[PDB]
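Below you'll find only one chain, the form deposited in one PDB entry, shown as structure tokens.
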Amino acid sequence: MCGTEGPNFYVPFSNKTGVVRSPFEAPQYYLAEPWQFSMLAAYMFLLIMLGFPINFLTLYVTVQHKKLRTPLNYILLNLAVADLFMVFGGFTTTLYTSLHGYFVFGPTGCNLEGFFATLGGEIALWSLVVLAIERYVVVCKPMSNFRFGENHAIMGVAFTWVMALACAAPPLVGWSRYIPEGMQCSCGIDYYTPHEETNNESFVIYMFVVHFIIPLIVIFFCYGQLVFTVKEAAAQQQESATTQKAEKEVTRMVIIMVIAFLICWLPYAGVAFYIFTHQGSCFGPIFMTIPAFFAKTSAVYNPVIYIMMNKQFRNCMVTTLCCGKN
């Protein structure tokens, strides 16, 4: 008797005292104090205030600078848009519901907010995967006579939308479901109840394999091969101080990206390990929901790492912010 079941929701709190209410109808102040809901709002506010400008500005300087509109950069614009889906589909709604202490948009808004917030995070995830694949193809040259062009980059972007719909759409049509999660102010995939009617167990496994294990393998293989190729070529040109510098910075960037991906990936894996083993006990509004709580900041640090640390983007944004000069 861990929580309180109901149609379209699972409140992680026991109703033996009779105080539990539907997360669509009344505040959930038995899960957390009102000030903790306010701090949830403050965190959404921080994410909006940092996440909208960085991601919008990425779209804005691309319009003003012709050099940024290369095919290899299409996937980065895709990343900016996906983060905007997280900011408006997810962070903005949650700021508003947070301050009511419950999900005031009803089960319909739950499917909407859950879809768009999940879509945004999924497009982002597969953008990092596709970018790693593209860089691997361009550097390691695994195809004899291949040249990465505009059409290939469009396939890459379309591929992320297909993968993102593959995760976000089934819960609308019967495989798993969207329900309020954690403090019940935002909606997501249901990893919290085994709903035999929506086959939740098979979807969690599909999510864990296809959208969690595979992305890590692809990112590690592609970037490992790339660093191997770059270090090999530099070894044959040790007379060039610049080639060695380029090799060092490529390696240091790949480390940063992989470390950043792990910082978002490992908390989910640690929670899994605490579900596999330690399966008995319940889990409060801090389920899990802790990996979700911190993965949200990827809408801020991913554009910082993949765009603001890009050599050309930075100069173009300085020029744009500096009213044309500098």
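When you see a residue number, it is the position in the sequence shown, counting from 1.
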| On average, are the C-alpha B-factors higher in 143-151 or in 129-137? | 143-151
| message | I need to verify one thing: averaged over C-alpha atoms only, is the B-factor higher for 49-57 or for 271-279? | response | 271-279
| task | Quick one: which of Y178, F91, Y192, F103 shows the highest Cα temperature factor in the PDB entry? | result | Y192
| remark: Highest CA B factor of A117, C185, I256, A241, as deposited, is found at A241
| task | Can you work out whether the C-alpha temperature factor of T198 puts it in the lowest, middle or highest third of the chain? | result | highest
| request: Divide the modelled residues of the chain into thirds by Cα B-factor and specify which third, lowest, middle or highest, holds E113. | output: lowest
| request: Determine, from the deposited record, the chain-internal third of the Cα B-factor for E249: lowest, middle or highest. | output: highest
| For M309, the third of its chain into which the C-alpha B factor falls | highest
| task | Would you please rank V318 by its C-alpha temperature factor against the other modelled residues of its chain and give the third it falls in: lowest, middle or highest? | result | highest
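Another form exists, solved in complex with a partner chain; not displayed. Remarks below refer to it.
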| Does the 4.5 Å heavy atom contact test between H211 and the partner chain in the bound PDB entry come out positive? | no
| query | With a 4.5 Å heavy atom cut-off, would you call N310 a contact of the partner chain in the bound PDB entry? | reply | yes
| request: Could you confirm whether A32 comes within 4.5 Å of the partner chain in the bound PDB entry, counting heavy atoms only? | output: no
| query | Do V139 and the partner chain come within 4.5 Å of each other in the bound PDB entry, heavy atoms counted? | reply | yes
| note | Note: the partner chain not shown here; in the bound PDB entry, the stretch from 118-126, 180-188, 222-230, 79-87 having heavy atoms within 4.5 Å of it is 222-230
